[PDB]
Each structure stands twice: as structure tokens, then as C-alpha cells.
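# Summary of the model geometry
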Amino acid sequence: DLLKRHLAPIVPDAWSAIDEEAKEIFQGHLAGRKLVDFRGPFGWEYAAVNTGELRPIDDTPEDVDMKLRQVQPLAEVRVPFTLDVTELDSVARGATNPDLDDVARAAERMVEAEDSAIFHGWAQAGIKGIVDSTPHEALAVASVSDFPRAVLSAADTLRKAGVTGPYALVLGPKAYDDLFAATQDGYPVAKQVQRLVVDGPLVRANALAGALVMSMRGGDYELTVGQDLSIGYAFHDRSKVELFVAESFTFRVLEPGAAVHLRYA
Amino acid sequence: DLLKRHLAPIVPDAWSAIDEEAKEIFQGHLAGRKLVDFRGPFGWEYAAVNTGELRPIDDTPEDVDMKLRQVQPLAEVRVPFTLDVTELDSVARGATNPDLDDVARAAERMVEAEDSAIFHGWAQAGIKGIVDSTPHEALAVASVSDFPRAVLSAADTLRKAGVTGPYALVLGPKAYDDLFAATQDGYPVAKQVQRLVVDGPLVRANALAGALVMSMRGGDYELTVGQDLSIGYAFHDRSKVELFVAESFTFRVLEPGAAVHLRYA
Amino acid sequence: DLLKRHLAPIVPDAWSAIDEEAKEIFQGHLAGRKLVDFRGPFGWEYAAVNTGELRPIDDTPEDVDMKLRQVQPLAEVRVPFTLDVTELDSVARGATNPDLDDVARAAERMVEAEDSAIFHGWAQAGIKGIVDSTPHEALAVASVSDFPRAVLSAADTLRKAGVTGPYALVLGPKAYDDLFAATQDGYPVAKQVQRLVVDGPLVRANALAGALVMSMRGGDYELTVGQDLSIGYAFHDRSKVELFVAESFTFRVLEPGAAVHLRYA
């Protein structure tokens, strides 16, 4: 009831239309949720992730030893958007293409925020992502044909760093497009690369600079979601209605050495 | 009974022969019906598609607000053709190849009309097609080998425009022939292109200029058919019998930004 | 749910009071709905009436014949009004005469709009009424005593025009008052007139200029109502609440020669 959706001047079918418009973008753009570990939605009142460490408190007496637990507080993010009440009424009159452009804009903005956090961190929320926290040095992939061998090198790094398990290749939009549009003497590079990596389709990540190789053994990267992506009502005028996309989440790099960055090719 | 078929001097087997000749062409040339949404045949008395919008009426008093509903009236199209009564009698005498050339000519003319409407519109009937109404700028495919990368670019456009879902590639006759006859260093381009798009066979569209990429998520383009393609009787002489192919249809572009044109390669 | 009534700061009993105030006026002033054919309320998404005709499209090729279906799009009309929240609260405190004057004003305004459309048309909505579309010439009724004979003449016209069936006499307010207040040598004219027409009570129409005679055989005039007369909520202040009366309707003159106008007496 924190979304206050029943207070909106919106017919149920328009609610379904907005939800479908957002959900299609979320399932078609959330690369992070498909490749890291995901701790299920815990609700609104889930506040922080228990990391398990302890911090030694200075200036304590000798007869007592005092330590402070360490936690990772979640970040709650809301992106507002606005819709026309007449457009939403249209769907009650049988219309099937109401103007839901701002719904898509806000949904992609939220996807951008969460994925940029997952990959390249978020200093304000105290989140370090996969790329900004790996200790290895990023491989250089001079050309698209360099992708197979470089990928193998990455895997070697992960085996020499102790990180076993099948390794997935994640591609930024430029990298994904160039790899899948490339042929080596007619033979497509993507076929060889897919032979060298996990059997699943290669993940295209919009918010990833260059490319990445990461272990999928599990337990390396954990995304905690308190309140999953939701659409809620804020206010409304005679003609304009204000909604928001809301999510409470945090991201933890359990094993920083479980992924290797690859500069763009 | 609007086709008045029982009034024709045609034996039932000749009716079946004409129907088969038309139906084979319809299933082998109707590309539009296989790639857009199709609202089922509603019958003869289905007049218009309810778009759901409202139009503000000018010059109205202050104490009243008046709006006019908006609809898309269907177009009813008949193409006549003529057959020899003796040729149609032949099939009652065991003949299996009666001269049904005009049946094929009329059937392909109707296919041409409907597909040209679907792709490039029809101003007289107030129909805008997929190509004439997309807002993006058509990609340039200089050569057949340019097809993969260009296709990827198209998909990128659709993802940046919010149009998710699997993307199908539709080919004009020239484009289809050149793509499927082409090899890059021996490797066929069509294999790579088919790897880059939906798993179904690529659709060849005779009435398409260049090529097209379009989302198949559904809800983007809607073809409404009131009366499906039918053969009806008009008049007959001592030797000549006049029939027609009849169809009542309209086509709506729900989301103009759901498809990208590609100039021919 | 297009009326959004559950969002209003109005107790259920005040809703019932407003509905009763409107419904009494609607049943006591809607003359059109009692004398024309009425196609039932089809809902909000019913857009247009299928007239059944076809229009020949110019500039079409010879091998194809193209015709456009003809429809009559409905008109959606909303008249706003405003009520005091304190007055509506009074009914929760046992009050039985809350100030619902604006409810009556809006209800009579809507009755005026619909009946004026039915009788004298509405150019903006593309509606022709009964009076403006009859082909005969309006009879002249010099005095109230002229009513019987003139009425008979009207019936004669309808029989000579082929329009059979019992004929009803509809009276404008001036005509109704003058006829029912008139006596010929003590004998009331209304008795003779009622003997000459259908057994039902003569209909008083507020929005009718002069009088009218019309066949009640059925199939002559058709009123289509998509959304029937309803009261809906628009907005509200701390003290003021805005509602509206809403209706989607259109009116069709199937047989223009089925009624005769009579100039006022």
C-alpha cells in the first residue's frame, strides 16, 4: 500500500498497460539480474545487508573488547514521470496504443541506474560494482577477431586466481554489435566465441564499458533487492497524473577477483 | 449469400478448382498476414475499426463539452475476372487443367493491393502502411554483405526507441534473392543473418521496397479483415462468366516506431 | 470505472440523492427516448453506427473496384457542474433536502442537448434530426381548433408517402399547453385529438418547435446510445467538488418521410 495505486484516477486496464510497458523493458534490458546472484525481494522494511564482518572500535578499556557489526544499507531510488489523464482514459474507450512514452523513459532510466551501479558502482550509495573492484588488469582487445584468444586469456587469469566454474562473456552494446556483425574470412567470430564460453546466449549489457568475463559458479556477486521494481502513484492534477518507478536495492562484490574487464573492441 | 455463388453456371468441382487456384496463391503470396497482428474475419456488416480516440469539436457552448469518436472505416475491394464456361465444363468431363489464368491474375492483383496497402499505404482508403509511417530514417545497406551489421543497427534503433521483443527481417524480392544468392568468402550471408534474427524463415515480400526490420512482440500493427478473401459471381453470358475476388479490410499502424526501413541491397 | 466515482469525497447516500435528482428529470423530460427506436446502451468503447452504405472511391485503377464503408461516429458530451462538500455531508447527518440545484441544471442541459439533436439536428456532430430532414412541407395550424383536421391531413400525407402504422402527435410546450387548455363550445379539443391518434398520452416535447406527427410503426428513427446518461467525478477542492453528466450518443433518420412538421398553434 506504499504505492498508493488505488488513489490514482487510472482505470485498471490503463494500469495493466503501464505495467506491461514497464515490464517489457525490464525483462529486455536488465542484464545484471540475469548474471549475478539475486537475493529475493524482501519487502519495504528490509534495510541493510548483513555482511558478517566486524570492525574494531578504538578507545576501549582493557577489561572489555568491543567490535561493531558491519552492514550495507540499501538504497531506495524513485524516478518520477507524468502521464495525461485523457490518454489513460482512452484505453477504457477501446484504445490500444495510449501515449506511454514517459513510462518507457522512466523505466529505462531506472534500468540505467541499477545496471550502472552493478557494473561501475555508485559512490553516493556506497556501492562498488564489478568493473571498478576487480583487482586484475583489463585485457586489451585490439580488434573483434582478437575476441577468442583474449577470452581464453581471461579464463586463464580466473583459473590462476582460483576462480573456477564456467565463465560467461558479457558485452557492451558496441562490443556486442561489432562481435556479432564480424566475420573472419567469411566465418563468423561469434560462432567461435560462443564455442569458447557457456552454452547460453551471450549477454548484451547496455551499461557496460567494453566487455567482461565472469565466473558463473555462484557466490561471486550478490544483488539484494528489498522492494522490486514497482510503479506507484504520487499526485494528480485535473489533466496530469504523477507516477514513479521505485526500487530498493544494493549490490555486493563478494569476490572481486571473479571477473576480468576487457577494453572495448 | 452476398457472393451469389449458387447462381453461377459452374459445377461444384469447377468451383473447387477455382478456389484451390486462388487459395494456393493467397497462402503463397500474403506476407502481410503472416507478420502483423490479424483481427479475425468479422463478416460483411463490420464497417469500421474503433480506434478509441476522441476529437475536440469546435464551436461548442461553455456549459457543454462535446467530443467526436474517431474510427477507421474499412475498404471493400473487388477485382473482376472472367472465365470460359466451356473450360469450366471440362472439369465435369474429367479434365484436371482447365484454363484458370484469369483466376490467378485476379488473385495476385488482390494480393498486390492488400500488401501494397500494408507496406506503403493507400491514400484513397485513408490507410498508412508500415514503411510510410515509421519515424526513423531508413538505414542504407550498400551491399548484401552489409546486411548483418545493418540489421544489428536496426535492432539497436528499436531498443533505443523502446520497442523490445524479437525482431524479424522482411525482404523485398530483389533483397531476398540477392541475400540468399550471396556468399562471403564462400560462407553464405543468409546463415549469419538468420542467426541474427528470429528463428523462423525470413519472409519474402513481393510488395516491399528494400527491406524492413520489425518487432514481433505484438500490438504494433493490426490488420482488420471484415470479409476475408472470397470469390463471388457477378454475371454470365452464353459463353463467358464474370466473377470477382472480394475483400473488406483496413490496416492500422498502432506504433509507428516499431519498424525500421532498409534501403535496397 | 471511467466515471471515477469512488474517488469523490461523497457519502453513498449523497450519491443516491444526486442520482435520484438526475433520474427524475431524465424520466420526466426525455421525450425523444420514448418515441424513437432505441438501440441499447453499448458501453464506452462503442464508437460508431454502421449505416451499411458504401461510397465510391475516385481515382482507382480499372482492374480493381474500391469502395469505402460509411459510418456515423457517436458524439460524447459532458456537461460539468459543481456541488458544495458541506451540503453533501449534510445528508450523512440526516438532512433530506441538500442543495442539488446544479445537478438539476446540468441534467436539464443534457436533456436539452440530446432532445435538440433528436428534433432539430446537430451540425457539429454531423446529426440531422427529424424536423430538419423531413421532405414534406410543414402544415400550418392557424388555431388550436385547427388541430384535429390538420392532424388528419398529416396522416393522409404519411399514407400517401407510403408510411403506414399508427401515427403519434408530439407537441411543443406552447402547443401542448394551448391544446390542453382549449375548449371548442365547451368541448375540449384535446379529447377529439386524442380520439384521432394513438391511445397513449400525447407526448410533450420541450425542445420541439411547433408540433409533429410521426409514424410509430418502428424502423423510422433510431437513437443509438453508447454510454447512457451518467454522473461522474472530475475533481474536488477543500470545499467544492466538480462532477459531470456524461453521455455518448448519435441519432439517425432512417426514413426522412416518416414524420410531418406542424407549425405552432
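Residues numbered from 1 in each chain as written, not as in the entry; some residues may be left out. Chains lettered and ligands numbered in written order. Part of a larger assembly, values for the part shown. Heavy atoms only, no water.

Its PDB header attributes the entry to cryo-EM and lists the resolution as 2.5 Å.

In this complex, chain B contributes 31 residues to the contact, which on the side of chain C involves 31 residues. Summed over both partners, the interface of chain B with chain C comes to about 2800 Å²; 56% of that surface belongs to carbon and sulfur atoms. Counting across the chain B and chain C interface gives four salt bridges. Where chain B packs against chain C, one counts 16 residue pairs in polar contact. Put simply, the parts of the chain that give the side of chain B that touches chain C at least two residues each are β2 (48-56), β3 (65-73) and β4 (75-84) of chain B. It is β3 of chain B that contributes the most residues to the side of chain B that touches chain C, seven residues altogether. Per-class residue counts for the side of chain B that touches chain C are 19 nonpolar, two polar and 10 charged. (Contact = heavy atoms within 4.5 Å. Buried area = accessible area lost by both parts, 1.4 Å probe. Salt bridge = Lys/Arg side-chain N within 4 Å of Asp/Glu carboxyl O. Polar contact = N/O pair within 3.5 Å; in protein donor to acceptor, adjacent residues only side chain to side chain. Helix = DSSP H or I, 4+ residues; strand = E, 2+ residues; numbered from the N terminus. Nonpolar A, V, L, I, M, F, W, Y, C, P; charged D, E, K, R; others polar.)

Here we come to the relation of the copies chain B and chain C. The two copies are related by a screw motion: chain B maps onto chain C through a turn of 180° and a shift of 0.0 Å along the axis, at an RMSD of 0.0 Å. Expressed as a symmetry operation, the mapping of one chain copy onto the other fits a two-fold axis. For chain B, the residue whose C-alpha comes nearest the rotation axis is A48 of chain B, separated from it by 3.9 Å. Mapped onto chain C, 100% of the interface residues of chain B again fall at the interface, so both copies present the same surface. (Least-squares fit on C-alpha atoms.)

As a volume, the largest pocket reaches approximately 1500 Å³. Together, 46 residues line the largest pocket, and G28, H29 and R204 of chain A together with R159 and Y167 of chain B are the ones closest to its centre. Going through the elements one at a time, α1 (12-29), α3 (101-120), α6 (173-180), β8 (203-204) and β10 (221-236) of chain A together with α5 (147-160) and α7 (189-196) of chain B are the ones with two or more residues in the lining of the largest pocket. Tallying contributions element by element places α1 of chain A first for the lining of the largest pocket, with seven residues. Approximately 930 Å³ is the volume found for the second largest pocket. Along the wall of the second largest pocket there are 32 residues; nearest its centre are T86, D89 and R238 of chain A, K67 of chain B together with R78 of chain C. Of all the secondary structure elements, the ones that give two or more residues to the lining of the second largest pocket are α2 (85-90) of chain A, β2 and β3 of chain B together with β4 (75-84), β10 (221-236) and β11 (240-253) of chain C. Looking at the lining of the second largest pocket element by element, the count peaks at five residues for α2 of chain A. Here the residues of the lining of the second largest pocket are counted per class, giving 13 nonpolar, six polar and 13 charged. (1 Å grid on protein atoms, 1.4 Å probe; cavity = no way out; pocket = protein on both sides within 12 Å on 5 of 7 lines; lining within 4 Å. Points joined across faces, edges and corners; volume = space filled by probe spheres on them.)

With that settled, the discussion passes to the relation of the copies chain A and chain C. When chain A is fitted to chain C, the residual RMSD is 0.0 Å, and the transformation amounts to a turn of 120° plus an axial shift of 0.0 Å. Within this description, the copies of the chain are treated as partners about a three-fold rotation axis. Identified as the residue of chain A closest to the rotation axis by C-alpha distance is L7 of chain A, at 4.2 Å. The overlap is low: 12% of the interface residues of chain A also sit at the interface in chain C, so different surfaces are used on the two sides.

Here the focus is the pattern of salt bridges. As enumerated under the stated definition, the model contains 42 salt bridges over all chains in all. Its salt-bridge partner being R217 of chain B, residue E24 of chain A comes within 2.7 Å of it at the nearest N-O pair. Of the two residues, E24 of chain A sits in helix α1 while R217 of chain B sits in the loop between β9 (211-215) and β10 (221-236), which places them in two different chains. For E24 of chain A, a relative accessible area of 21% puts it in the partly exposed group. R217 of chain B sits in the partly exposed class, given a relative accessible area of 30%. For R109 of chain B, the salt bridge is made with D63 of chain C, and the minimal N-O distance between the two is 1.7 Å. In this pair, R109 of chain B sits in helix α3 (residues 101-120) while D63 of chain C sits in the loop between β2 (48-56) and β3 (65-73), so the two residues belong to two different chains. Linked by salt bridges that have partners in common, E24 of chain A together with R217 and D220 of chain B make up one network. (Buried < 20%, exposed > 50% of the residue type's maximum accessible area, 1.4 Å probe, protein only.)

Here the focus is the packing of aromatic side chains. Per the stated rule, a full pass over the model turns up 13 aromatic pairs over all chains. When the ring of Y221 of chain A is compared with that of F251 of chain A, the centres are 6.3 Å apart and the planes differ by 25°; the resulting orientation is stacked. Within this pair, whereas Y221 of chain A is found in strand β10, its partner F251 of chain A is found in strand β11 (residues 240-253), the two being separated by 30 residues in sequence. One exposure class covers both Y221 of chain A and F251 of chain A, and it is buried. Ring centres of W122 of chain B and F249 of chain B lie 6.4 Å apart, and the angle between their planes is 35°; on these two criteria the pair is classed as tilted. Here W122 of chain B is found in the loop between α3 and α4 (130-133), whereas its partner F249 of chain B is found in strand β11 (residues 240-253), with 127 residues between them in sequence. Pair check on accessibility: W122 of chain B and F249 of chain B agree, each one buried. The ring centre of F244 of chain A lies 4.4 Å from the NZ or CZ of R78 of chain A, which sits over that ring. (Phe/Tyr/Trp six-rings, centres within 6.5 Å; stacked < 30°, edge-to-face > 60°. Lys NZ or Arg CZ within 6 Å of the ring centre and 35° of its normal.)

What follows concerns helix α1 (residues 12-29) of chain C. Residues and elements named next belong to chain C. End to end, α1 covers 26 Å across 18 residues, agreeing with the expected 26 Å (1.5 Å per residue, within 8%). All buried positions along α1 are accounted for by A14, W15, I18, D19, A22, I25 and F26. Buried residues in α1, looked at end-on, bunch into an arc of 135°, giving them a common side. Looking at α1, the residues exposed on the side facing more than 90 degrees away from the buried face are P12, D13, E20, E24, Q27 and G28. Buried positions along α1 lie against β4, α2 (85-90), α3 (101-120), β10 and β11. (Expected span 1.5 Å × (residues − 1). Arc of directions from axis to C-beta.)

Further remarks concern unusual backbone geometry. If you check the backbone angles, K4 of chain A has positive phi at about 55° while not being a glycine. Of the residues examined, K4 of chain A reaches a relative accessible area of 38% and is grouped as partly exposed.

With 17 residues of chain A at the contact, the number on the chain C side is 11 residues. For the pair chain A and chain C, the summed buried area comes to about 1100 Å², and 53% of that belongs to carbon and sulfur atoms. Run the count over chain A and chain C and you get three salt bridges. Between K4 of chain C and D89 of chain A there is a salt bridge, and its shortest N-O distance comes to 3.5 Å. Put simply, chain A and chain C have five residue pairs in polar contact between them. Considering each element in turn, the side of chain A that touches chain C owes the most residues, three residues, to α2 of chain A.

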